[PDB]
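As structure tokens, one chain now follows by itself in the form deposited without the partner chain.
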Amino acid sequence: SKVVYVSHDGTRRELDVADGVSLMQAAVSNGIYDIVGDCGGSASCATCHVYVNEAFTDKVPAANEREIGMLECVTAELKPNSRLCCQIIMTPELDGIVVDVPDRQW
């Protein structure tokens, strides 16, 4: 799956995340999330606060309401399509997913 991460300054990182691998997982293989994780990626922290293109959010496993309550626990501007990068699984069919990461991931 083609995985691009859009930072703030406009710089991007294109990876290859296989099926079942979460963006937070491959970000550790290319050295991108190098910031440790509180919920260890178990959907329970705002460490992976990022904005996923509203084109893959309704296609990738949109977690039930358990996250919708955590999404209301970040320090950055939430978005209708906000998402906790760890609770996401990439797939070759969803190749081209664009992720937007803010300066305040908290």
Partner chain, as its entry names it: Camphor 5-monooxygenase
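Residue numbers count along the first chain shown, from 1.
Below, we turn to the form solved in complex with the partner chain, even though it does not appear here.
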Close approach of residue 28 to the partner chain in the entry with it bound, 4.5 Å, heavy atom: yes
Heavy atoms within 4.5 Å of the partner chain in the entry with it bound: does residue 40 have any? yes
Quick check on residue 36: any heavy atom within 4.5 Å of the partner chain in the entry with it bound? yes
Considering only heavy atoms, tell me if residue 66 and the partner chain come within 4.5 Å of each other in the entry with it bound. yes
